[PDB]
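Report on the following structure.
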Amino acid sequence: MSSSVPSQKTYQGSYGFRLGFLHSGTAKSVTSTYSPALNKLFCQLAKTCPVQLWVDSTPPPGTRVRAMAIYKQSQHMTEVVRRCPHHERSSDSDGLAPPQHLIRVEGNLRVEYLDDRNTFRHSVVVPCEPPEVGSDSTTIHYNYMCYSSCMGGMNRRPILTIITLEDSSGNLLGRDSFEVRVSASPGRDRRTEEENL
Ligand SMILES: *CCC(=O)n1c2ccccc2c2cc(C=O)ccc21
Ligand SMILES: [Zn+2]
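All residue numbers for the sequence shown refer to this note's numbering, where the first residue is 619 and numbers rise by one.
Quick look at the structure:
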């Protein structure tokens with residue numbers, strides 16, 4: 619699909635940018651859970667996934683935090699990741715996300731969606747906001763709108779989520795990522811995938 623492949627080099631940058639996650643466990647009723655051993659997130663479709671951000675020092679004002687997805691295996695990394703024909707046309711859009719965009723940010727009125735005219739890649743970016751009073755990290759609530767097994771979509775192809783911090787003018791301050799598997803039963807899948815280890 620695309621003419622380039624985005625760099626995935628994890629890079630902490632001058633502010634020590636990194637991502638954190640909750641310790642949800644693999645109970646049968648969790649809406650998302652992170653496998654530290656897989657560095658892979660297991661979640662349901664369109665259910666809320668909180669991701670935390672951490673920095674050490676003060677970043678410049680007007681900073682924006684952007685998410686993107688790319689297929690994991692070397693032979694698929696140029697295909698743009700998008701919702702499958704069925705899901706794209708499900709008319710459950712929230713009123714902001716492009717109906718073909720896989721990743722939504724939930725509960726933020728300053729979200730921004732981009733279809734990249736040269737890479738053709740979809741991405742969602744929001745403003746960077748400091749941790750609530752008392753807290754020490756920033757939580758962003760993401761959603762994934764297709765199952766990993768969607769034919770015509772990923773079709774069971776693993777994917778990475780690449781989160782990049784950028785300044786107001788759009789330049790890179792740090793990057794981090796993780797793989798993702800979307801299914802209806804994320805606790806059991808996480809359990810089983812760690813077993814196979
Ligand atoms: C863009 C969010 C932000 O400005 N921010 C965060 C986010 C998450 C964890 C910590 C943290 C900050 C810490 C400081 C000062 O040390 C300044 C801005 C921070
Ligand atoms: Zn689908």
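All residues carry an ideal CB built from backbone N, CA and C; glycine is no exception.
Beta-bridge pairing of residue i - partner residues as DSSP gives them
| i | result |
| --- | --- |
| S787 | Note: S787 sits in no beta bridge, so no partner. |
| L732 | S741 |
| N726 | BP columns for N726 are empty, so no partner. |
| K658 | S653, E797 |
| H759 | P668 |
| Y633 | Paired residues: none, contrary to the question. |
| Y689 | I777 |
Three-state secondary structure assigned by DSSP to residue i
| i | result |
| --- | --- |
| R684 | strand |
| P804 | helix |
| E797 | strand |
| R774 | coil |
| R809 | helix |
| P703 | helix |
Proximity test, Cβ basis, 8 Å: residue i and chain D
| i | result |
| --- | --- |
| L720 | No chain D appears in this structure, which consists of one protein chain only. |
Separation of residue j from residue i, as counted between CA atoms
| i | j | result |
| --- | --- | --- |
| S766 | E797 | 11 Å |
| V673 | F639 | 14 Å |
| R707 | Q630 | 38 Å |
| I781 | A687 | 9 Å |
| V683 | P749 | 14 Å |
| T810 | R728 | 37 Å |
| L815 | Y652 | 15 Å |
| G805 | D754 | 27 Å |
| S647 | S803 | 8 Å |
| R722 | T666 | 10 Å |
| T756 | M769 | 34 Å |
| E747 | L671 | 10 Å |
Nonlocal neighbours in the same chain, by C-beta distance under 7 Å from residue i, ignoring five residues either side
| i | result |
| --- | --- |
| residue 821 | Residue 821 falls outside the range modelled here, since the chain spans only 619 to 815, and no answer is possible. |
| residue 618 | The first residue shown for the chain is 619 and the last is 815, placing residue 618 beyond what the model contains. |
| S622 | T737 |
Same chain, Cβ closer than 6 Å to residue i, five either side skipped, listed in chain order
| i | result |
| --- | --- |
| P678 | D785 |
Same chain only: Cβ atoms within 8 Å of residue i, ignoring 5 sequence neighbours per side
| i | result |
| --- | --- |
| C764 | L663, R701, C702, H705, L720, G771, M772, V800 |
| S625 | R793 |
| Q691 | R775, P776 |
| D807 | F660, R799, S801 |
| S620 | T696, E697, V698, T737, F738, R739 |
At least three beta-carbon pairs within less than 8 Å, the stretch 785-792 to the stretch 693-711: no
Segment contact flag, the stretch 647-657 with the stretch 726-738, C-beta cutoff 8 Å, min 3 pairs: No, because fewer than three Cβ pairs between the stretch 647-657 and the stretch 726-738 fall closer than 8 Å, the two stretches do not touch.
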